[PDB]
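Just one chain is shown here, as structure tokens, and it is the form deposited in one PDB entry.
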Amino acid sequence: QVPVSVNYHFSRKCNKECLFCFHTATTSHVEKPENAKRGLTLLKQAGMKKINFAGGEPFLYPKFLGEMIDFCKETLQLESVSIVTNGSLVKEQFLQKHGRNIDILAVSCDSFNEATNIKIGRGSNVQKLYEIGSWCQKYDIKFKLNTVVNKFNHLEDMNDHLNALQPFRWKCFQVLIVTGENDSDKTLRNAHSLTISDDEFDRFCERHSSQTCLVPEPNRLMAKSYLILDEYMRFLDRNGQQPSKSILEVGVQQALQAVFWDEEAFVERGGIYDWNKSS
């Protein structure tokens, strides 16, 4: 297997408290920028073309994030560099310094009601979201949305906002139940209350049939179709077995085979696309 698109969850720490979080703040480890430049360079030669900087909240570590996305673009010559943010801590001066090297910026908002955001776990607003879009236009970054369809917001009509906001990519996740993260009271979270049925999700997706960018991801396709990197730089298996050893201590090949990655769901959910800043 060739790791084309990789999600580097370099930290688990965050300033929000979404009830359904499936990458909880179980540890506060973050890698040295020396070791992270090992893994990303090791992963580039292995076949990586898109990197996604996610985790807990990546803008809690703006210096690390800034050093890596510059390294990933300028010296690694990577096809596409992405970031996924909740939007609270994003600031324009960051996009001044590094926006030349950001190819896709993904702001995730689950509702446009401040009341719904409160119930889900975002205290507050949406003016920030429109602001980041304005910044993305100025600094030539591709702007995408990530909303999670859950019990609170599965009835909403988000069309009017998405025509003006107009993202090139709009992911709608059916709430996922990662075992170990948000499947019991023992864990940091418990998302079973926010679960919605297959038809509840389809009503949401069918309601936004006017949206061309809409890319749905039910639990069929989201569960085991991602290449996830720990803060310790090890691939996470979402099939049942424990995580691999670090790519820093063993290398990419041994780490990838220690994890199940369904390349068919990867292609079905639209994992390969026009991810570059051109074309």
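Here the rigid core means the biggest group of C-alpha atoms that line up within 1.5 Å when the two forms are laid on top of each other. Each residue number is its position in the shown sequence, starting from 1.
Inset, instruction - Check the entry and tell me how many residues of the deposited sequence have no coordinates between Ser124 and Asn125: none, 1 to 3, 4 to 9, or 10 or more. - result: Just 1 to 3 residues are missing between them.
Inset, instruction - Can you let me know which of the two, 162-170 or 141-149, has the higher average C-alpha B-factor in the entry? - result: It is 162-170 that shows the higher mean C-alpha B-factor.
Legend entry - Mean C-alpha B-factor comparison - 171-179 and 151-159, higher one: If you average the C-alpha B-factors of 151-159 and of 171-179, the larger mean comes out for 151-159.
Inset, instruction - Compare the CA B factors listed in the entry for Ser82, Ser108, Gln77, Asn190 and report the winner. - result: Comparing C-alpha B-factors across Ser82, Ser108, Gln77, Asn190, the top value belongs to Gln77.
Legend entry - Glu34 by Cα B-factor - lowest, middle or highest third of the modelled chain: It falls in the top third of the chain.
Inset, instruction - Using the B-factor values recorded in the entry, state whether the Cα atom of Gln241 falls in the lowest, middle or highest third among the modelled residues of its chain. - result: Ranked within chain, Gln241 CA B lands in the highest tercile.
Legend entry - CA B-factor placement of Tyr273, once the chain's modelled residues are sorted into thirds: Middle third of the chain for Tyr273's C-alpha B-factor.
Legend entry - CA B-factor placement of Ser225, once the chain's modelled residues are sorted into thirds: Lowest third - that is where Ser225 ends up once the chain's C-alpha B-factors are sorted.
Inset, instruction - Check where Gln253 lands among this chain's C-alpha B-factors and tell me if it's the lowest, middle or highest third. - result: For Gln253, whose C-alpha B-factor we compare with every modelled residue in the chain, the answer is the highest third.
The same protein also has a form deposited in another entry, omitted here; what follows describes it.
Inset, instruction - Using the rigid core as the fixed frame, list which single one of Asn159, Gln166, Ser193, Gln77 shifts its Cα by at least 2 angstroms between the shown form and the other one. - result: The one that moves 2 Å or more is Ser193.
Legend entry - Residue shift check between the shown form and the other one, rigid core fit, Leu65 Cα at least 2 Å: No, the C-alpha position differs by under 2 Å between the shown form and the other one.
Legend entry - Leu221 C-alpha moves between the shown form and the other one by 2 Å or more, core aligned: It does, since the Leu221 C-alpha is displaced 2 Å or more between the shown form and the other one after the core fit.
Legend entry - Core-aligned C-alpha movement of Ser244 between the shown form and the other one, 2 Å or more: For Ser244, whose C-alpha is compared between the shown form and the other one after core superposition, the shift is 2 Å or more.
Legend entry - Outcome for the Cα pair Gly270, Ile83 in that other deposited form, compared with this form (closer or farther; change of 3 Å or more): So the answer is closer.
Inset, instruction - Mind checking the CA-CA distance of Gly270 and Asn146 in that other deposited form? It differs by 3 Å or more from this form, so is it closer or farther? - result: Closer together, by at least 3 Å.
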